[PDB]
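Next comes just one chain, in structure tokens: the form deposited in one PDB entry.
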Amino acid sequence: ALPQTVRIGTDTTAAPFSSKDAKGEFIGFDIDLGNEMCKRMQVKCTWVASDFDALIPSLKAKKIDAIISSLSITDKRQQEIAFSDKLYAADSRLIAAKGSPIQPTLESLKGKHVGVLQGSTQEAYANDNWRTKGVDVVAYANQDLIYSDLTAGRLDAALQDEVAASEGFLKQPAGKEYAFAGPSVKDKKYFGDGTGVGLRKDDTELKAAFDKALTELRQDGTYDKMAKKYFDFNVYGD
């Protein structure tokens, strides 16, 4: 007994997963995965653009029915919502100007201005480990503002999902002066185990339907073919 229409919230400032084209249409791997799952679930879907920090509150308030927005599956979030099976892996990594000495350490970052998406796992990590100890962690409503402040020289660095930074910024016109600063930062507590569709905990049938559709599109190679549009590596992980 699925609803006729499933409302999916997403933060469209995370190319190549979720963004808007020049005419305002939603594009990216998350959008492809969502549309493909909806097709297989035989439901209509409405995409809803939202600031990232509003997605979980909107889901709990029933203003949307699902989140597909590179939403990392973390222990903390499991206390509040449910998740589909893994959509893809997502590690975090710092970016800074090319030639910057910056590393993802307190010693390197103390007093420096570091941008993070408000509501993100990166904000949680940076707040607990960096802000408490004297890094100027600045939290933003969306990632476009982060990249804008970085290129304006207002930020020294920014922490976000690695593949989004690489494919959506470093390899794009705006990010040519920038590069990764240090290696990815893996931390089981903060960063979770890949991303998934966020769902209300009581929506057991909707979860089962998303899980079934995801399995199905992985089984028949649709996942790999869609992924190949964006990535020359195994985005799913393990």
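Each residue number is its position in the shown sequence, starting from 1. We call the rigid core whatever largest set of C-alpha positions still superposes within 1.5 Å between the two forms.
Stretches compared: 5 to 13, 18 to 26. Higher mean C-alpha B-factor in the entry: 18 to 26. Averaged over CA atoms, B-factors in the entry run higher in 180 to 188 than in the other of 180 to 188 and 54 to 62. For the set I73, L106, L87, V114, the maximum C-alpha B-factor listed in the entry falls on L106.
Placement of the Cα temperature factor of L150 within the chain: highest third of the modelled residues, per the deposited record. The entry lists a Cα temperature factor for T204 that places it in the middle third of the chain's modelled residues. Sort the modelled residues of the chain by CA B factor and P173 lands in the highest third.
Ranked within its chain, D32 lands in the lowest third, by CA B factor from the PDB record. When the CA B factors of the chain's modelled residues are split into thirds, the value for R77 lands in the lowest one.
What comes next is about the form deposited in another entry, which does not appear here.
Of the candidates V43, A179, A54, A49, the Cα that moves 2 angstroms or more after core superposition between this form and the one not shown belongs to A179 alone.
The pair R131 and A54 is at least 3 angstroms farther apart at the CA level in that other deposited form than in the present model. An increase of at least 3 Å in the separation of the C-alpha atoms of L117 and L214 is found in that other deposited form, compared with the displayed form.
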